[PDB]
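Just one chain follows, in the form deposited in one PDB entry, and it is written as structure tokens.
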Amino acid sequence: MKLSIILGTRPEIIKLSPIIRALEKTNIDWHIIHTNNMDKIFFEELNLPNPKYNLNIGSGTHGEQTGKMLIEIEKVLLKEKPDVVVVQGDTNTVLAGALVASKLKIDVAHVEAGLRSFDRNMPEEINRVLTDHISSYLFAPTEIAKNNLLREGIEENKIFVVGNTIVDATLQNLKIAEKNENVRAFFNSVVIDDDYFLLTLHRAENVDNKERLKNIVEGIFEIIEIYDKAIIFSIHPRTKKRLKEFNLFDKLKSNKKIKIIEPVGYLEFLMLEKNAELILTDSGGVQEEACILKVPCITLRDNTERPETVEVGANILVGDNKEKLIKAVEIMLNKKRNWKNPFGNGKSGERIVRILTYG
């Protein structure tokens, strides 16, 4: 009946927006505690109501960050007295909120629970583990996730496999990006032909290494001269650095079939992803989104942090290789786009809110 969502980042806001959107179609009394740009503009691009509470934690040490939110989040939860505190992810905000709620005897729900890198060195893995172990509702995305939570002695009746809300989120936010004439402006001001490949490249293992970078660039060229297809390239500062450095950038400015752009925003880039014919990337995020958006994906790495996309057929791993690349492109351009979605059916915000309604 009363529900408090504690968040502190944008990937958090995105994955939680389907939970927020479901909440507006229930009679549950709910609110958001945002921690820290004061993210107003972002909440508005996503048609999301502004957070009732913004808490500036300011900067300072790990210890003081966590402590200041423990104190502040506590003053809010003492005032608001909710029944559930919902958190997603693994930042210091998430653990702080979960800790406070747990000490105030408030039930906590962890959205997208059960992921593990089994590298208990990055502070985020710890965050994940602690937060999961103080949680009453564990909304695990996959069975595998559930089994993780299970090898950790976490009571089976606390675990709910409900898929990932990144599916809901990516779908909904896409629809929102479509109705945005400010960004439809931009989209139409870059895309020429009804056919383009969208390419992103950023991993250090690729841009630092002059070899792999040269290789990949030439790969793109072979792809172009074969398929005579426009490539759109959003390019972060680091890459352009490594390209003017390795004497490759000029070759790219040259090729009139390649269209280069300054980096863009969440929704613009969602537009660019949905309407691509295939996507070429090193980012695990982009692999995920393409798979969700039913766009074929080719990955310029040899290992992937989202291997499930390869398992369903949405994704293929070519790494550095130009033959693997040409071969992949052949397969993906003629790919009937109906892979099973390994991340879920796209109704997880609603389902999570239903399960919370039950309790």
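Position 1 is the first residue in the sequence shown; the rest follow in order.
Residue 36 to residue 37: deposited residues without atomic coordinates: Missing in between: 4 to 9 residues.
Entry-level comparison of average CA B-factors, 260 to 268 and 164 to 172, reporting the higher stretch: In the deposited entry, the stretch with the higher C-alpha B-factor mean is 260 to 268.
Of 99 to 107 and 148 to 156, the stretch whose C-alpha atoms average the higher B-factor in the entry: Higher mean C-alpha B-factor in the PDB entry: 148 to 156.
Identity of residue with top Cα B-factor, from 234, 91, 287, 142: Each of 234, 91, 287, 142 was compared by C-alpha B-factor; the highest is 234.
Given 73, 248, 84, 134, the residue at which the Cα B factor reaches its maximum: By C-alpha B-factor in the record, 248 ranks first.
Chain-relative CA temperature factor third for residue 304: Highest third, going by the recorded CA B-factors of the chain.
Third of the chain, ranked by Cα B-factor, where residue 31 sits: Bottom third by C-alpha B-factor.
Modelled-residue ranking by C-alpha temperature factor, third containing residue 67: Bottom third by C-alpha B-factor.
Residue 59 CA temperature factor, ranked by third within the chain: It belongs to the highest third of the chain when residues are ordered by C-alpha B-factor.
Third assignment of residue 274 from its chain's C-alpha B-factors: Residue 274: CA B-factor falls in the middle third of its chain.
Keep in mind that the form deposited in another entry is not shown, yet the notes after this line are about it.
Rigid part between the shown form and the other one, residue 339 matching residue 227: They share a rigid part.
Residue pair residue 49, residue 181 - Cα distance in the other entry, closer or farther (3 Å or more): Pair moves farther apart in the other entry.
Cα-Cα shift for residue 11 and residue 281, closer or farther in the other entry, minimum 3 Å: Closer, not farther.
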